[PDB]
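Shown below: work17.cif, with mmCIF, C-alpha atoms; chains and numbers go by the auth columns.
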data_target
#
loop_
_atom_site.group_PDB
_atom_site.id
_atom_site.type_symbol
_atom_site.label_atom_id
_atom_site.label_comp_id
_atom_site.label_asym_id
_atom_site.label_seq_id
_atom_site.Cartn_x
_atom_site.Cartn_y
_atom_site.Cartn_z
_atom_site.B_iso_or_equiv
_atom_site.auth_seq_id
_atom_site.auth_asym_id
ATOM 1 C CA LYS A 1 31.789 74.421 -66.537 0.00 6 A
ATOM 2 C CA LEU A 2 33.066 72.565 -63.438 0.00 7 A
ATOM 3 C CA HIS A 3 34.489 74.527 -60.507 0.00 8 A
ATOM 4 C CA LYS A 4 36.475 73.709 -57.407 0.00 9 A
ATOM 5 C CA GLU A 5 35.028 74.282 -53.921 0.00 10 A
ATOM 6 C CA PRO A 6 36.882 74.305 -50.516 0.00 11 A
ATOM 7 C CA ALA A 7 36.541 71.424 -48.087 0.00 12 A
ATOM 8 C CA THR A 8 38.163 70.326 -44.838 0.00 13 A
ATOM 9 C CA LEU A 9 39.555 66.849 -44.108 0.00 14 A
ATOM 10 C CA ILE A 10 37.776 65.000 -41.296 0.00 15 A
ATOM 11 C CA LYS A 11 39.093 61.462 -41.966 0.00 16 A
ATOM 12 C CA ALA A 12 40.397 59.182 -44.843 0.00 17 A
ATOM 13 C CA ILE A 13 38.283 55.961 -44.817 0.00 18 A
ATOM 14 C CA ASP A 14 39.649 53.767 -47.642 0.00 19 A
ATOM 15 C CA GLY A 15 41.566 54.265 -50.975 0.00 20 A
ATOM 16 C CA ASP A 16 38.339 55.470 -52.691 0.00 21 A
ATOM 17 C CA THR A 17 36.506 57.187 -49.831 0.00 22 A
ATOM 18 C CA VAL A 18 37.241 60.187 -47.592 0.00 23 A
ATOM 19 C CA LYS A 19 35.067 62.081 -45.059 0.00 24 A
ATOM 20 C CA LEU A 20 35.143 65.809 -45.459 0.00 25 A
ATOM 21 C CA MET A 21 33.519 68.886 -43.896 0.00 26 A
ATOM 22 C CA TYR A 22 31.783 70.455 -46.885 0.00 27 A
ATOM 23 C CA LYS A 23 29.710 73.652 -46.435 0.00 28 A
ATOM 24 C CA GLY A 24 29.829 73.134 -42.664 0.00 29 A
ATOM 25 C CA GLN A 25 28.344 69.595 -43.044 0.00 30 A
ATOM 26 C CA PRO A 26 30.229 66.295 -42.441 0.00 31 A
ATOM 27 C CA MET A 27 29.972 63.936 -45.315 0.00 32 A
ATOM 28 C CA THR A 28 31.428 60.898 -46.970 0.00 33 A
ATOM 29 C CA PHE A 29 32.847 61.371 -50.493 0.00 34 A
ATOM 30 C CA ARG A 30 33.356 58.604 -52.992 0.00 35 A
ATOM 31 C CA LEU A 31 36.069 59.394 -55.553 0.00 36 A
ATOM 32 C CA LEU A 32 34.562 59.591 -59.080 0.00 37 A
ATOM 33 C CA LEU A 33 35.632 57.238 -61.856 0.00 38 A
ATOM 34 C CA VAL A 34 38.132 55.050 -60.008 0.00 39 A
ATOM 35 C CA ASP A 35 37.969 51.565 -58.570 0.00 40 A
ATOM 36 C CA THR A 36 40.586 50.965 -55.904 0.00 41 A
ATOM 37 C CA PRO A 37 41.465 47.701 -54.140 0.00 42 A
ATOM 38 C CA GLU A 38 39.604 47.769 -50.874 0.00 43 A
ATOM 39 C CA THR A 39 40.166 47.089 -47.185 0.00 44 A
ATOM 40 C CA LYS A 40 36.385 47.556 -46.386 0.00 45 A
ATOM 41 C CA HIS A 41 34.923 45.321 -49.076 0.00 46 A
ATOM 42 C CA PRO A 42 32.027 42.763 -48.395 0.00 47 A
ATOM 43 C CA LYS A 43 32.960 39.065 -48.794 0.00 48 A
ATOM 44 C CA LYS A 44 36.408 39.877 -50.169 0.00 49 A
ATOM 45 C CA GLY A 45 37.441 42.137 -47.164 0.00 50 A
ATOM 46 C CA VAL A 46 41.094 43.281 -47.595 0.00 51 A
ATOM 47 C CA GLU A 47 42.272 42.947 -51.204 0.00 52 A
ATOM 48 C CA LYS A 48 45.736 42.910 -52.782 0.00 53 A
ATOM 49 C CA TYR A 49 47.004 46.560 -52.895 0.00 54 A
ATOM 50 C CA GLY A 50 44.091 47.670 -50.643 0.00 55 A
ATOM 51 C CA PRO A 51 46.439 48.736 -47.795 0.00 56 A
ATOM 52 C CA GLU A 52 48.698 50.568 -50.258 0.00 57 A
ATOM 53 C CA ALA A 53 45.877 52.486 -52.031 0.00 58 A
ATOM 54 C CA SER A 54 44.365 53.380 -48.622 0.00 59 A
ATOM 55 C CA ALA A 55 47.731 54.633 -47.407 0.00 60 A
ATOM 56 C CA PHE A 56 48.364 56.670 -50.556 0.00 61 A
ATOM 57 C CA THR A 57 44.947 58.515 -50.390 0.00 62 A
ATOM 58 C CA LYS A 58 45.465 59.094 -46.626 0.00 63 A
ATOM 59 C CA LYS A 59 48.989 60.506 -47.050 0.00 64 A
ATOM 60 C CA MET A 60 47.893 62.745 -49.922 0.00 65 A
ATOM 61 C CA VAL A 61 44.929 64.370 -48.125 0.00 66 A
ATOM 62 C CA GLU A 62 46.558 64.467 -44.684 0.00 67 A
ATOM 63 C CA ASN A 63 49.619 66.361 -45.838 0.00 68 A
ATOM 64 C CA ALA A 64 47.664 68.781 -48.046 0.00 69 A
ATOM 65 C CA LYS A 65 47.573 72.498 -47.329 0.00 70 A
ATOM 66 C CA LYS A 66 44.232 72.896 -49.204 0.00 71 A
ATOM 67 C CA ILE A 67 41.608 70.275 -50.185 0.00 72 A
ATOM 68 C CA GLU A 68 39.013 71.148 -52.884 0.00 73 A
ATOM 69 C CA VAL A 69 36.106 69.159 -54.261 0.00 74 A
ATOM 70 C CA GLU A 70 34.917 69.326 -57.809 0.00 75 A
ATOM 71 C CA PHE A 71 31.474 67.860 -58.636 0.00 76 A
ATOM 72 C CA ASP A 72 30.835 66.649 -62.143 0.00 77 A
ATOM 73 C CA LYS A 73 27.782 67.742 -64.196 0.00 78 A
ATOM 74 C CA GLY A 74 25.341 65.020 -63.196 0.00 79 A
ATOM 75 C CA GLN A 75 24.186 63.788 -59.788 0.00 80 A
ATOM 76 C CA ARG A 76 26.229 64.883 -56.830 0.00 81 A
ATOM 77 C CA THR A 77 25.413 62.064 -54.364 0.00 82 A
ATOM 78 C CA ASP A 78 25.108 58.307 -54.933 0.00 83 A
ATOM 79 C CA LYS A 79 22.420 55.937 -53.514 0.00 84 A
ATOM 80 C CA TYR A 80 24.378 55.585 -50.215 0.00 85 A
ATOM 81 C CA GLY A 81 24.320 59.345 -49.660 0.00 86 A
ATOM 82 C CA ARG A 82 28.034 59.730 -50.574 0.00 87 A
ATOM 83 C CA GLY A 83 29.181 62.892 -52.443 0.00 88 A
ATOM 84 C CA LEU A 84 30.488 62.009 -55.940 0.00 89 A
ATOM 85 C CA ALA A 85 33.470 64.244 -56.756 0.00 90 A
ATOM 86 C CA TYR A 86 36.980 64.721 -58.050 0.00 91 A
ATOM 87 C CA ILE A 87 39.096 65.579 -54.958 0.00 92 A
ATOM 88 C CA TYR A 88 42.144 67.854 -55.254 0.00 93 A
ATOM 89 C CA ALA A 89 45.005 68.055 -52.674 0.00 94 A
ATOM 90 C CA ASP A 90 47.018 71.247 -53.330 0.00 95 A
ATOM 91 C CA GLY A 91 45.909 71.362 -56.905 0.00 96 A
ATOM 92 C CA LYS A 92 46.694 67.684 -57.721 0.00 97 A
ATOM 93 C CA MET A 93 43.685 65.417 -58.408 0.00 98 A
ATOM 94 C CA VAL A 94 43.726 62.449 -55.956 0.00 99 A
ATOM 95 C CA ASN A 95 41.594 60.361 -58.414 0.00 100 A
ATOM 96 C CA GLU A 96 44.271 60.751 -61.166 0.00 101 A
ATOM 97 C CA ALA A 97 47.241 60.293 -58.778 0.00 102 A
ATOM 98 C CA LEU A 98 45.887 56.869 -57.712 0.00 103 A
ATOM 99 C CA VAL A 99 45.381 55.726 -61.330 0.00 104 A
ATOM 100 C CA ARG A 100 48.854 57.039 -62.374 0.00 105 A
ATOM 101 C CA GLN A 101 50.541 54.935 -59.608 0.00 106 A
ATOM 102 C CA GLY A 102 48.717 51.727 -60.539 0.00 107 A
ATOM 103 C CA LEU A 103 46.656 51.824 -57.264 0.00 108 A
ATOM 104 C CA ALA A 104 43.327 52.215 -59.003 0.00 109 A
ATOM 105 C CA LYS A 105 41.728 51.304 -62.344 0.00 110 A
ATOM 106 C CA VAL A 106 39.278 53.589 -64.157 0.00 111 A
ATOM 107 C CA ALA A 107 35.705 52.416 -63.380 0.00 112 A
ATOM 108 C CA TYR A 108 33.106 51.386 -65.981 0.00 113 A
ATOM 109 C CA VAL A 109 31.677 54.764 -66.876 0.00 114 A
ATOM 110 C CA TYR A 110 28.160 55.551 -67.968 0.00 115 A
ATOM 111 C CA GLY A 111 25.886 58.563 -67.380 0.00 116 A
ATOM 112 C CA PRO A 112 26.720 62.287 -67.229 0.00 117 A
ATOM 113 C CA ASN A 113 29.511 62.088 -64.555 0.00 118 A
ATOM 114 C CA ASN A 114 32.213 61.383 -67.066 0.00 119 A
ATOM 115 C CA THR A 115 34.106 64.663 -67.658 0.00 120 A
ATOM 116 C CA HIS A 116 37.631 63.509 -66.695 0.00 121 A
ATOM 117 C CA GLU A 117 37.281 59.974 -68.089 0.00 122 A
ATOM 118 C CA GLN A 118 39.711 60.379 -71.069 0.00 123 A
ATOM 119 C CA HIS A 119 42.289 62.109 -68.860 0.00 124 A
ATOM 120 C CA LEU A 120 42.143 59.190 -66.343 0.00 125 A
ATOM 121 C CA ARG A 121 42.252 56.544 -69.075 0.00 126 A
ATOM 122 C CA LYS A 122 45.463 58.126 -70.402 0.00 127 A
ATOM 123 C CA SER A 123 47.000 57.949 -66.940 0.00 128 A
ATOM 124 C CA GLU A 124 45.931 54.308 -66.534 0.00 129 A
ATOM 125 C CA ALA A 125 47.471 53.352 -69.906 0.00 130 A
ATOM 126 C CA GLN A 126 50.759 54.867 -68.671 0.00 131 A
ATOM 127 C CA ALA A 127 50.628 53.005 -65.304 0.00 132 A
ATOM 128 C CA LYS A 128 49.940 49.779 -67.195 0.00 133 A
ATOM 129 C CA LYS A 129 52.818 50.506 -69.650 0.00 134 A
ATOM 130 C CA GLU A 130 55.143 51.014 -66.666 0.00 135 A
ATOM 131 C CA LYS A 131 53.821 47.858 -64.901 0.00 136 A
ATOM 132 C CA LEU A 132 53.098 49.620 -61.673 0.00 137 A
ATOM 133 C CA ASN A 133 51.512 48.019 -58.599 0.00 138 A
ATOM 134 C CA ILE A 134 48.112 46.569 -59.784 0.00 139 A
ATOM 135 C CA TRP A 135 49.735 46.057 -63.168 0.00 140 A
ATOM 136 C CA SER A 136 53.083 44.514 -62.034 0.00 141 A
#

Any chance you could give the structure as structure tokens?
Amino acid sequence: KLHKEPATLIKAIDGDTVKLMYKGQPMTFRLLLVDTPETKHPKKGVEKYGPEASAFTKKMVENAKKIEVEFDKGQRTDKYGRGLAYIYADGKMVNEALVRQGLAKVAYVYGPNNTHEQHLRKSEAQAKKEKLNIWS
């Protein structure tokens, strides 16, 4: 079973990445299962909707009373040393909120870190149906 753990916001970095104090250690977290438009992307630097997805993740974690991280059941850090997790701001999953607004698409999923994949795909199908942001 997955469980939520407390964390503290240090800084939002991009739509898909936030730095948190987790267990008294500063680290960078990559949001599981979502691909956002980026402002810190190699070659293609600032993409269309990159500003807007960065601003949305920043506003959601900055205004939160409690942030929690939920690891999935496979590896907990990627090859760049980033924590791989579902991030919750006051009980609402940031990964799902971005997909529901059309500011992220669900990533190509493989491997054991796939628990909320069907939930996110349902939210993406709704954002697409409503022609929101990435899908307008």

Would you kindly translate the PyMOL selection byres ((chain A and resi 78) around 12) into the concrete residues it picks from this file, as a ChimeraX atom specification?
/A:6-8,37,75-77,79-82,89-91,116-121

Can you tell me which residues surround residue A:35 at a distance of at most 12 Å, considering only C-alpha atoms, apart from same-chain residues fewer than 2 positions away, and format the answer as a ChimeraX atom specification?
/A:17-25,32-33,37-41,62,74-76,81-92,99-100

Please indicate the distance in Å from atom CA of residue A:71 to atom CA of residue A:114, rounded to one decimal place.
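Computing the Euclidean distance for atom CA of residue A:71 and atom CA of residue A:114 yields 28.3 Å.
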
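Coordinates place atom CA of residue A:140 at a distance of 20.6 Å from atom CA of residue A:36.
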
Might you pull out every residue within 8 Å of residue A:11, with all atoms listed in the file counted and same-chain residues fewer than 2 positions away left off, and present them as a PyMOL selection string?
chain A and resi 9+13+27+71-74

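Counting all atoms listed in the file and comparing A:14, A:51, A:139, A:108, the residue that lies closest to residue A:67 is A:14.
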
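Between atom CA of residue A:44 and atom CA of residue A:60 lies a distance of 10.7 Å.
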
Looking at A:93, A:122, A:134, A:26, which one is nearest to residue A:106, with distances taken over only C-alpha atoms?
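Nearest to residue A:106: A:134.
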
Given the file shown, enumerate the residues that the PyMOL selection byres ((chain A and resi 137) around 12) captures and present them as a ChimeraX atom specification.
/A:54,103-110,128-136,138-141
